[PDB]
Amino acid sequence: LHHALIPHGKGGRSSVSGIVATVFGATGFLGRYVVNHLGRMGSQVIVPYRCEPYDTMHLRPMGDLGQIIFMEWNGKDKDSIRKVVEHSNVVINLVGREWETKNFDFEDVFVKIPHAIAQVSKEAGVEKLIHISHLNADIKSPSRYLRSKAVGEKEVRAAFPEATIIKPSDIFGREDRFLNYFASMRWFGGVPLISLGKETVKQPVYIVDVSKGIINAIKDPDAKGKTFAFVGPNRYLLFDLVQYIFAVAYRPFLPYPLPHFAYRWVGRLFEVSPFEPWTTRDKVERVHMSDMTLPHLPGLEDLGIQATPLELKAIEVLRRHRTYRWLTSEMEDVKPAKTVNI
Amino acid sequence: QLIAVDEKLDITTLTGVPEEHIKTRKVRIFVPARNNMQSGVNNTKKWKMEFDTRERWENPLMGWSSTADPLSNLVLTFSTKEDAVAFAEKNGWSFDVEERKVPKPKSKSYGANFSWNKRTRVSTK
Amino acid sequence: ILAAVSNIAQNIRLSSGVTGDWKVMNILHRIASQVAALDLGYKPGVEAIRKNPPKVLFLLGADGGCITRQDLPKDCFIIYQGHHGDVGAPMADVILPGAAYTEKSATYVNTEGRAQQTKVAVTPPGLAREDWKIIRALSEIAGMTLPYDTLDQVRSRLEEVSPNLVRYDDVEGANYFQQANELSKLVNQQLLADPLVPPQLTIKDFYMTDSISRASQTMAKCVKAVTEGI
Amino acid sequence: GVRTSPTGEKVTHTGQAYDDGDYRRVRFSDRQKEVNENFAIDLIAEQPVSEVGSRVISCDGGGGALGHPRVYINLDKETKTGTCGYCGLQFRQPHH
Amino acid sequence: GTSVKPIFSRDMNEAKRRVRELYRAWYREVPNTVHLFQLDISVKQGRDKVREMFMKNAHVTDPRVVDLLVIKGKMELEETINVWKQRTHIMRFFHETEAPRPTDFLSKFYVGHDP
Amino acid sequence: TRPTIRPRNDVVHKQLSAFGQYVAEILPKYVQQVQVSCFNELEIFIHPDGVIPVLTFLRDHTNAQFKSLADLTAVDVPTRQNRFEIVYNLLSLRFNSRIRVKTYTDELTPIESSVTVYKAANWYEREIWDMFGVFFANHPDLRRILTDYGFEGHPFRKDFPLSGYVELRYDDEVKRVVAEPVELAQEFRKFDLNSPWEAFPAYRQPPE
Amino acid sequence: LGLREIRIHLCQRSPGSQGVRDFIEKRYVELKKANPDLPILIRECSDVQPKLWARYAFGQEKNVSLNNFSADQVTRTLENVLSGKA
Ligand SMILES: NC(=O)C1=CN([C@@H]2O[C@H](COP(=O)(O)OP(=O)(O)OC[C@H]3O[C@@H](n4cnc5c(N)ncnc54)[C@H](OP(=O)(O)O)[C@@H]3O)[C@@H](O)[C@H]2O)C=CC1
Ligand SMILES: [Zn+2]
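Residues numbered from 1 in each chain as written, not as in the entry; some residues may be left out. Chains lettered and ligands numbered in written order. Part of a larger assembly, values for the part shown. Heavy atoms only, no water. Residues with missing side-chain atoms left out of burial classes, pairs and counts.

- In the PDB archive, cryo-EM is given as the structure determination method for this entry, at a resolution of 2.4 Å.

- Naming follows the PDB entry, where chain F appears as NADH dehydrogenase [ubiquinone] iron-sulfur protein 3, mitochondrial of Sus scrofa.
- This structure appears in the PDB under the title "Matrix arm of active state CI from Rotenone-NADH dataset".
- A UniProt comment under Function (unreviewed entry) is attached to chain F, and it reads "Core subunit of the mitochondrial membrane respiratory chain NADH dehydrogenase (Complex I) which catalyzes electron transfer from NADH through the respiratory chain, using ubiquinone as an electron acceptor. Essential for the catalytic activity and assembly of complex I."
- Per UniProt, chain F carries the Subcellular location (unreviewed entry) text "Mitochondrion". (UniProt positions renumbered as here; feature names shortened; annotations may be inferred.)

- Taking the PDB entry as the reference, chain E is identified by name as NADH dehydrogenase [ubiquinone] 1 alpha subcomplex subunit 6 belonging to Sus scrofa.
- Annotation of chain E in UniProt includes, under Subcellular location (unreviewed entry), the sentence "Mitochondrion inner membrane".
- Recorded in UniProt under Sequence similarities (unreviewed entry), the annotation for chain E is "Belongs to the complex I LYR family."

Pasting the structure below:
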């Protein structure tokens, strides 16, 4: 294990866990939790960033002195990837954009970049690679996001045969777009749902569950070439889910059906924003698509994680979306939503 | 007014020590040995209580010596072994006591260096 | 040799009587683990190994080179547990890194039979662990979990086997020389003609004797100094 | 007396250079490794040995109160030179 | 005998009465604490934690030690009610960022040297 | 003996000795010992039950008039059966003098609060309770003063470790400051400085 | 199933071990003559109690108190454990 990489201490901030991890995509929603969980145990974390260093400041207190190293990288450059994965025994890939920018389409962030990372980290002698795809990744899906996810999953498996591939479904948390998107809709007046959300089933998963699952998969010797699906303990119809979201936020729920072509036109209209779009056509397709059921894949309970129900963590995301009148309401006051389980 | 409490003294629930550092610890009650590099005996007068040595590792940065043991530096001084034992008992620590070792009285005689027939005679001086 | 020396002691005892607590008979040991092993019922010597060549061999810090793979059947499973890479390590199938005497609180019995305990100065390096903890974990994995989980429990078991092993700094013992002399008079094994020659003939031999000293550069310097004048 | 390791890293006066499989070298990528270039062992090895016509010499490192504590060096051994234990300067008697 | 001076209680009965009174006060306070501090726990969780903290000290048999424990619990209750405490202080009881430390022999043997 | 040695004052020594005898004669019920230190510092050891009478007499008596309490603190001596030593320092402006009153207690025995005698004690007794865990009976508002909210244990006690048992850090997952078991990057390095040769013969103890 | 070893923990100067001592003074020798291959470990005891230990196959053990036993009682107990009884 190369004596310098032998675990020491009580697993705390000043300990040595034996992990040296390069976390691509550490400046996003999932990346902050992953870096927090790695730096809790005393891991050496290498953060490749392309954004303004100001935007990485929140990751500085996550480690001890010298335990977090920040390095500039370019997704189209392989010498840069070599530079940032030279000394790591773990590489985690969390790179991904919900919308397509002018310089990066879905195929760049979900096929080219993951494949380049897998190839370079295999060349460099990195022991472990963790890749994140979607639960609904499919070659013939109506969303190009998921088509690119499936293609990139195959490419990573080809470039790094012993990679662990993790397939979560609709992560929810404080900085999660999925919980926020429903909350955001209240400003307009009515909630537009295709078929009133009666033909969609969702199985959202907690952010901390996904971070813990990644961390445990790193420490698991038999999780090498496996493929995991990270899903929550409950399945909801989209209508009931959005109704529960609006009840926790104490906002008046006014759902109305909107036809598919009208919603696609709205998404296209919102797509022309030079900044982060409020919604896109791809987001509209992904929202009203039912979560797949994959019983043949190992889950969070195979990694020792007990999935957190949304009923226990919804208030910590949605209390910010309340008015002053309902700001002090307790968690058990909202009557959990109806689950369509089996 | 006196109430005649009948039980053994026990203050663990008031000290605020985490239970891990109450049950898994072993203290040593002893009179420290004289440092063999010197002849003074002034450091062998009082009893000492000290805890068991825990893990120390190397800091990845700078290579300093890191510990996670909060009692790794604590040393208590007592007049007599009975006081040390009473303190350890009322604080709930398992202890090991060692009886004080004193140097035995030795019969010195300068004239023996020049014995008429004895082996003690010095070959040099 | 032991029978003859016991005969000398018996002649002294019968001629002069017993003055009280004198205990003419004495055995001088040179190995730290020997007296405790004998106290525990361990059979002295490697003869039973040669008599019944085993398939699974546990080398517990055994670096004397007494038993090699020529003295064992093929496909013999050799497990070495210790702290040094010496004679016993490169001939093993599984290596278990143990703790040296400076890295554990452990009991040793000297030539007098007095029992003393070491204290932890530093922890074992890398992934090395306490030896009895290695054995207890191995017992749990194999299904026959040993009753003791802590050091005080293992010392209670030690007291159960031989109670004198927990009486630190006590050296009082009972004299049973008469019974041992009677039992020694039974067999009459013949004495060899070979002259009595000790292993440590000279000062150079004194330095490097065990695995800790064989790995010491200071002892190598001492050996070089006593062999070469310079 | 600088010299590089097979990995291209400078070796310090202390002699420590990270091993090939040591991850800690990552702390120098995109940055540099601080190495002092004036090796004291080499610089003191260049000073000429002082020849003095007495058995016992005195050294205080120069500068009086700005040097080190004053020490006395015996110079009876002719197979070697008397070396100051503070400054490293060498002294000998005129020999041969 | 043993010649001790009490703090408040002369025997274990009065000490138990004071313990019950303090328990009642904490039980009443828990819902207000959950409301004021905007905690993401339920009232059931808070009352369970109060019971767990009370049961941590169930083995005490000295009325003076029990009196001091009640004094400390009353200090903590006064502190909580007046909002001297912050949400971090209340949440310190639940150890939400502490990874579970195992208790069986084998896991301890695997992780390190500490018993 | 002149230039570098601190000069003596025998007049003040005599006055303090006489006043200590005075105090001991007036209150035999509580006064256990009276001492005058070499640098003229009067000390009166008493029984705990006499905390309130003694101080009251000392602050009220016409010949005493110690109306001001400099400070009140405690000393931890683990080898004593009564662990804690309670020390009151009093100043008399009328007679321009100082006096020290000392008593003892252990972990489970309360001391009478002296807020009634001196208003200044309030925070001093709160501080003693916080740092040492000595309870004061009949105290107006007794609670922690120096330590953090919810802090367990008493820091000034000899047994308590220098760096404590917990530290604080900000955690982003829970979005708040959390308390965790202390881990140190560099351990405090304990030094053994005590010389093996005796320094002061005048304080040598009998060889037991 | 069978005897593997015997352990006799006798206390050096306590009255309750006195009879056991007599046994070792007189009857231990011939008992070792009869059993040349059976380890009968004679060990010293602390102030608690005299005892006898029997070990069987696969590490099964149980002990018998010898407190205040006379030498004949000691040898009777030893022959009972040495035989296929109890
Ligand atoms: N509901 C969910 O959130 C779940 C997420 N998915 C997948 O899980 C992964 C993490 O998701 P999430 O954290 O929410 O996404 P985020 O948008 O929050 O973060 C994406 C990360 O990838 C980086 N990144 C994006 N594009 C590029 C690029 N062209 N070049 C370099 N870096 C880039 C970002 O850096 P920068 O900030 O500088 O742009 C950022 O750090 C992603 O791969 C996502 O697709 C899995 C199922 C659903
Ligand atoms: Zn010099």
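## Comments concerning the site of ligand 1
All names here are of chain A.
Point 1. Around ligand 1, a shell composed of 23 residues is seen, among which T27, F29, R50, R97 and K149 lie nearest.
Point 2. Between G28 and ligand 1, the recorded distance is 3.4 Å, taken from a backbone N or O atom to an oxygen atom.
Point 3. Take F29: an N or O atom from its main chain is 2.9 Å from an oxygen atom of ligand 1.
Point 4. Burial of ligand 1 by the surrounding chains reaches 88%, relative to a free accessible area of 910 Å².
Point 5. At the level of secondary structure, the elements contributing two or more residues to the shell around ligand 1 comprise α1 (29-40), α3 (106-123) and α4 (144-159). (Near = heavy atom within 4 Å. Polar contact = N/O pair within 3.5 Å; in protein donor to acceptor, adjacent residues only side chain to side chain. Areas by Shrake-Rupley, 256 points an atom, 1.4 Å probe, with all protein chains shown as cover. Helix = DSSP H or I, 4+ residues; strand = E, 2+ residues; numbered from the N terminus.)

## Points about the sheet that holds strand β4 (residues 84-92) of chain F
Sheet strands line up and pair through hydrogen bonds in the backbone, either parallel or antiparallel.
Residue and element names in this part refer to chain F.
Point 1. Strand order in the open sheet formed by five strands is β1-β2-β5-β4-β3, with mixed pairing between adjacent strands. The open sheet has two edge strands with one neighbour each: β1 (31-36) and β3 (68-76). Averaged over all neighbouring strand pairs, the angle between strand axes comes to 20°, with direction disregarded.
Point 2. One ladder, built from three bridges, connects strand β2 (residues 42-46) with strand β5 (residues 97-105); its direction is parallel. If you follow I44 over to β5, its bridge partner there is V101.
Point 3. Along the sheet, helix α1 (residues 10-26) makes contact with β1, β2 and β5, crossing β1 at roughly 175°.
Point 4. Across the sheet, helix α2 (residues 51-60) lies against β2, β4 and β5, angled at about 175° from β5, the strand it touches most. (Pairing = 2+ DSSP bridges. Axes fitted to C-alpha atoms, helices over the stretch in contact; angles between N-to-C directions. Contact = heavy atoms within 4.5 Å.)

## Side note on the environment of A121 of chain F
Residues and elements named next belong to chain F.
Point 1. By the secondary structure assignment, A121 is in helix α3 (residues 121-132).
Point 2. Its relative accessible area of 1% is what places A121 among the buried residues.
Point 3. When the C-alpha positions of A121 and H139 are compared, they lie 9.8 Å apart, and in sequence the two are 18 residues distant. (Buried < 20%, exposed > 50% of the residue type's maximum accessible area, 1.4 Å probe, protein only.)

## A word on the coordination of the zinc ion (ligand 2)
Residues and elements named next belong to chain D.
Point 1. Distances from the zinc ion (ligand 2) to its protein donors, namely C59 (SG), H68 (NE2) and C84 (SG), fall within the range 2.3 Å.
Point 2. Here the donor residues of the zinc ion (ligand 2) share one chain and are spaced in sequence as C-x8-H-x15-C. Taken together, the residues span a long stretch of sequence, with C59 in strand β4 (residues 56-59) and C84 in the loop between β6 (82-83) and β7 (90-92) at a distance of 25 residues.
Point 3. When its relative accessible area of 5% is taken as the criterion, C59 is described as buried.
Point 4. Classification of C84 as buried rests on a relative accessible area of 4%. (Donors = N, O, S within 2.8 Å, 3.2 Å for Na, K, Ca; no water.)

## As for the interface of chain A and chain D
Point 1. Counting residues at the interface gives 11 residues for chain A, matched by 10 residues for chain D.
Point 2. Buried area between chain A and chain D, both sides added, is near 950 Å², and the carbon and sulfur share of it is 66%.
Point 3. Three residues, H2, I69 and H87 of chain A, lead the burial of chain A against chain D; their summed loss comes to 50% of the area buried on that side.
Point 4. Between chain A and chain D we count one salt bridge in total.
Point 5. Note that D30 of chain D and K83 of chain A form a salt bridge whose closest N and O atoms lie 3.1 Å from each other.
Point 6. Our enumeration of links across chain A and chain D arrives at three residue pairs in polar contact.
Point 7. Among the secondary structure elements, those contributing two or more residues to the side of chain A that touches chain D are β2 (44-49) and β3 (68-72) of chain A.
Point 8. If one sorts the elements of the side of chain A that touches chain D by residue count, β3 of chain A sits on top with three residues.
Point 9. By residue class, the composition of the side of chain A that touches chain D is six nonpolar, three polar and two charged. (Buried area = accessible area lost by both parts, 1.4 Å probe. Salt bridge = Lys/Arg side-chain N within 4 Å of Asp/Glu carboxyl O. Nonpolar A, V, L, I, M, F, W, Y, C, P; charged D, E, K, R; others polar.)

## Comments concerning the pairing of strand β5 (residues 75-78) of chain B
On a regular strand, one side chain projects to one face of the sheet and the next to the other, so that they alternate.
Residue and element names in this part refer to chain B.
Point 1. Burial along β5 is one-sided: the residues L76 and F78 are buried and none of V75 and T77 is.
Point 2. Summarising the sheet, strand β2 (residues 47-51) and β5 pair through four bridges and their orientation is antiparallel. The partner of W47 across the bridge, within β5, is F78.

## Overview of the state of the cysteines
All names here are of chain G.
Point 1. A complete count under the given rule lists one disulfide over all chains for this structure.
Point 2. Residue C11 pairs covalently with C45 via a disulfide, S to S 2.0 Å. Residues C11 and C45 are joined through a disulfide that is right-handed, its torsion about the S-S bond being 75°. Note that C11 is positioned in strand β1 (residues 5-11) and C45 in strand β2 (residues 40-45), a separation of 34 residues in sequence. Residues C11 and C45 agree in their burial class; the two are buried. (Disulfide = S-S within 2.5 Å.)

## Remarks on the sheet that holds strand β6 (residues 164-168) of chain A
Residue and element names in this part refer to chain A.
Point 1. Ordered by their spatial adjacency, seven strands build an open sheet running β3-β2-β1-β4-β5-β6-β11, and the pairing between neighbours is parallel. Across the chains shown, the open sheet's two edge strands, defined by having one partner strand only, are β3 and β11 (227-230). Taking each pair of neighbouring strands and ignoring which way they run, the sheet shows an average axis angle of 20°.
Point 2. Taken together, the three bridges between strand β1 (residues 20-24) and β2 define a ladder with parallel strand orientation. Looking across to β2, one finds that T22 is bridged to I46.
Point 3. Packing against the sheet, α4 makes contact with β5 (128-132), β6 and β11, and its axis sits at approximately 170° to β5.

## Regarding the interface of chain B and chain F
Point 1. Counting residues at the interface gives 38 residues for chain B, matched by 28 residues for chain F.
Point 2. In total, chain B and chain F occlude about 2,700 Å² of area from one another, counting both sides; carbon and sulfur atoms represent 52% of this.
Point 3. Inspection of the region where chain B meets chain F yields two salt bridges.
Point 4. Across the pair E107 of chain F and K90 of chain B runs a salt bridge, and its minimum N-O distance is 2.4 Å.
Point 5. Contributions of two or more residues to the side of chain B that touches chain F are made by α1 (12-15), β3 (56-58), β4 (65-67), β5 and α3 (81-91) of chain B.
Point 6. Each residue belonging to the side of chain B that touches chain F can be placed in one class, and the counts come to 17 nonpolar, 17 polar and four charged.

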